[PDB]
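Enquirer: Chains as they are written, first to last, in the entry's author numbering: chain E, 98 to 147; chain J, 98 to 147; chain H, 126 to 234. Where a beta carbon is used, it is the ideal one built from N, C-alpha and C, also for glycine.
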Amino acid sequence: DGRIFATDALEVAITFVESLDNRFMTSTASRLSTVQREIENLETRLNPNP
Amino acid sequence: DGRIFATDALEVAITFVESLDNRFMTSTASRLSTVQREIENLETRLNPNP
Amino acid sequence: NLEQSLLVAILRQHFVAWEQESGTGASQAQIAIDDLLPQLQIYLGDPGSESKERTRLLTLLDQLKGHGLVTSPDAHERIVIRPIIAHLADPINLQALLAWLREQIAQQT
């Protein structure tokens, strides 16, 4: 469309280097509470017993 | 103590290639549900009003 | 040599410390090897393999016992510091070598 774009290869390569250097991390504390709540919901839904 | 382990450098290098040919996708309806609940909670917590 | 003298310094420090704690009597001046690993790790670094550094450390210790300064590790990996160190490490030698070390820092700088 006359406008350039970033192949997915670039997306992965870039998100790699960012995580690499020792600036502060990608994930952070909330991640834990996130996996927490999502696991709760995922179990509750997955459970077929009424 | 003679039990070899992997430095984080190797952790990253691996995570770059095992999710390379098949980078299991994140652009997922479940991901959206996750973000949606995330906001549902973060707002309500950041809302000081009774 | 240098690194050997480095270890010598560490030992003498422990020696004098325990000598205070127990008086300047006979050589019950015992140390546990694992304690040396932290201290020496700062200078010679960390090749990232505990066994490698222990090999290094024991090679050094051995060489020292060649000069008679230290008993080799026992069953409990403890060694006693031979008192001959203190004379090898009296303030006069310390000051002379320290001046020479400063000289070397100057030459390198």
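Let me confirm a value: E:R120 is counted as buried when at least 16 other C-beta atoms fall within 10 Å, else exposed. Which label applies?
Expert: Reading the first sequence from its first residue, position 23 is the one you call residue 120 of chain E. Answer is exposed; the Cβ neighbour count stays below 16.
Enquirer: Do H:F140 and H:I210 come within 8 Å of each other at the CB atom, strictly closer than that value?
Expert: One-based indexing of the third sequence puts residue 210 of chain H at position 85. One-based indexing of the third sequence puts residue 140 of chain H at position 15. Yes, Cβ-Cβ distance for H:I210 and H:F140 is below 8 Å.
Enquirer: Along chain E, in chain order, which residues have C-beta atoms closer than 7 Å to that of J:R120?
Expert: By one-based count along the second sequence, residue 120 of chain J stands at place 23. The contacting residues are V109.
Enquirer: Start and end of the beta strand (DSSP E) containing H:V195?
Expert: Position 70 of the third sequence, counted from the start, is the residue given in the question as residue 195 of chain H. No beta strand (DSSP E) contains H:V195, which DSSP labels as neither H nor E.
Enquirer: Just to confirm, is the Cβ distance from H:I204 to H:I156 under 8 Å?
Expert: As a working note, residue 204 of chain H is residue 79 in the third sequence. As a working note, residue 156 of chain H is residue 31 in the third sequence. It is a contact, given that the beta carbons lie within the stated cut-off.
Enquirer: Buried or exposed for J:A103, going by 16 or more other Cβ atoms inside 10 Å?
Expert: Within the second sequence, numbered from 1, the residue matching residue 103 of chain J stands at position 6. It counts as exposed.
Enquirer: For the stretch 206-225 of chain H against the stretch 150-168 of chain H, are there 3 or more C-beta pairs whose distance is under 8 Å?
Expert: The answer is yes - the stretch 150-168 of chain H touches the stretch 206-225 of chain H, with three or more Cβ pairs under 8 Å.
Enquirer: In chain E, what lies closer than 8 Å to J:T131 by C-beta?
Expert: Here residue 131 of chain J refers to the residue found at position 34 when the second sequence is read from its first residue. By Cβ distance, chain E contributes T131, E135.
Enquirer: Mind checking who H:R137 pairs with in its DSSP beta bridge?
Expert: Taking the first residue of the third sequence as position 1, residue 137 of chain H is located at position 12. DSSP output for H:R137 lists no bridge partner at all.
Enquirer: Could you give the distance in angstroms between the alpha-carbon of J:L117 and the alpha-carbon of J:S124?
Expert: Along the second sequence, read from residue 1 onward, the residue named residue 117 of chain J stands at position 20. Along the second sequence, read from residue 1 onward, the residue named residue 124 of chain J stands at position 27. Answer to the nearest angstrom: the Cα atoms are 16 Å apart.
Enquirer: Is any beta-carbon of chain E found at less than 8 Å from that of residue 91 of chain J?
Expert: Lying outside 98 to 147, the shown extent of chain J, residue 91 of chain J is not represented and no answer is given.
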